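So you can see what is in the structure, the chains are spelled out below.
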Amino acid sequence: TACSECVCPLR
Amino acid sequence: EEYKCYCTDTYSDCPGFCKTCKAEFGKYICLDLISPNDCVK
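Residues numbered from 1 in each chain as written, not as in the entry; some residues may be left out. Chains lettered and ligands numbered in written order. Heavy atoms only, no water.

The deposited coordinates, according to the entry record, derive from solution NMR.

As annotated in the PDB entry, chain B carries the name BROMELAIN INHIBITOR VI and is attributed to Ananas comosus.

> I keep staring at a nonpolar patch on the surface and nothing clicks. Help me out?
All names here are of chain B. Nonpolar side chains collect at one region of the surface, where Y3, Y6 and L33 lie side by side and expose about 340 Å² of accessible area between them. Considering the arrangement of structural elements, one finds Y6 in strand β1 (residues 6-7). Given the relative accessible area of 30%, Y6 is considered partly exposed. (Patch = residues over 30% accessible without salt bridge, like charges linked within 9 Å, V, L, I, M, F, W, Y side chains within 5 Å. Areas by Shrake-Rupley, 256 points an atom, 1.4 Å probe, with all protein chains shown as cover. Salt bridge = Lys/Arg side-chain N within 4 Å of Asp/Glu carboxyl O. Helix = DSSP H or I, 4+ residues; strand = E, 2+ residues; numbered from the N terminus. Buried < 20%, exposed > 50% of the residue type's maximum accessible area, 1.4 Å probe, protein only.)

> I would appreciate a short explanation of the pairing of strand β2 (residues 21-24) of chain B in the present structure.
The side chains of a regular strand alternate, residue by residue, between the two faces of the sheet. All names here are of chain B. In the sheet, β2 pairs with strand β3 (residues 27-30) via four bridges, with the strands oriented antiparallel. Residue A23 lies in a different strand from β3, and its bridge partner there is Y28. In this structure, the hairpin formed by β2 and β3 is closed by a connection of two residues, where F25 is found at a positive phi of approximately 50°. (Pairing = 2+ DSSP bridges.)

> Which parts of the structure should I look at to understand the interface of chain A and chain B?
Accessible area lost when the parts come together is the quantity often used to give the size of an interface. Taken residue by residue, the interface counts eleven residues in chain A and 13 residues in chain B. Between chain A and chain B, the buried area comes to about 1200 Å², and carbon and sulfur atoms account for 63% of it. Contact with chain B buries area across many residues of chain A, yet A:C3, A:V7 and A:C8 alone supply 43% of it, more than any other trio. Applying the counting criterion to the chain A and chain B interface returns zero salt bridges. There are three residue pairs in polar contact connecting chain A and chain B. (Contact = heavy atoms within 4.5 Å. Buried area = accessible area lost by both parts, 1.4 Å probe. Polar contact = N/O pair within 3.5 Å; in protein donor to acceptor, adjacent residues only side chain to side chain.)

Next comes the structure, spelled out in C-alpha cells:
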C-alpha cells in the first residue's frame, strides 16, 4: 500500500 | 501501470511510503518513485 494519488498516465 | 509510477499524493507529513515530501498550501506532496502494481485504487 503506497499512496492513493499514484501518477502513471502511460500503461 | 508503467516503468515506475511516481507517488505524488499529498499528506500532513512525510508518509512512511514517501520519506521525501514537502508541506505546501498546508498539505504535503510526495516526490518518490514506486509501483508494486497497477495502483492503490
